[PDB]
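Structure first, commentary second.
Note: hydrogens, waters and symmetry copies are ignored here, and every other heavy atom, side chains too, is used. Counting convention: from 1, in listed order, for ligands and their atoms alike. One-based numbering along the sequence shown.
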Amino acid sequence: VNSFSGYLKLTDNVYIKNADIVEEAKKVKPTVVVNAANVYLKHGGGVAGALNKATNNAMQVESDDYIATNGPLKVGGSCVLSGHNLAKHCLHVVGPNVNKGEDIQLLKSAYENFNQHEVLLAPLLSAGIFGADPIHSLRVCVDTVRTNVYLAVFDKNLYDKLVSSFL
Ligand SMILES: O[C@H]1CCCC[C@H]1Nc1ncnc2[nH]ccc12
């Protein structure tokens, strides 16, 4: 039993809700919140800009030190950093950005990072400003993640569409 509330169950291990991931993180304090990161951990907009803003820029300060030490992530890769005031940990995961021409097949590799964590609160990778089809992203999530994932979808309209079209 966990503290996530109001989610629709899609499969044995995947759950979905119309929610603001920032507000959901603030209320649940999950062990892991997933950030929709880029390789530079520059949290300027989308989910990343919102999460970072909610940490009063502490996420960005920590991220800049991480990059200065380790260099950029790989597309499809991830790193674990602090969850600050939102979660114990933040798993920064880089899905391919279609608006940068990155290969969509890397979306499966991106979701594989979730399997290293038993339970996660997450957005749909490569959705939103990353330019992928959120319905495809949901399908890859369901077919790749085996651990328990609670997906927060900010837009009520997209949420209804994802549910109504789910196979
Ligand atoms: O609405 C879409 C657009 C981008 C792809 C995923 C969704 N973004 C979010 N999802 C969950 N919480 C969020 N807080 C701010 C944005 C956000």
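- A donor-acceptor pair is defined here as one N or O able to donate and one able to accept, closer than 3.5 Å; no such pair exists between the side chain of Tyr150 and the backbone of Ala122.
- Side-chain contact between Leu8 and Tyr159 is present, with at least one heavy-atom pair separated by less than 4.5 Å.
- The salt bridge (charged side-chain N to carboxylate O under 4.0 Å, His left out) analysis of residues 139-161, with sequence neighbours excluded, yields the pairs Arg139-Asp143, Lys156-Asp160.
- More than 12 heavy-atom neighbours from other residues, nucleotides or ligands sit within 6.0 angstrom of NZ on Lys29.
- Aromatic ring centroids of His92 and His43 lie under 6.0 Å apart.
- Using a 4.5 Å heavy-atom cutoff, the side chains of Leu41 and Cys79 are in contact.
- Enumerated by chain and number, the residues approaching ligand 1 to less than 4.0 Å through a heavy atom are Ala19, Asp20, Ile21, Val47, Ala50, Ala127, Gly128, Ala152, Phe154, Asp155.
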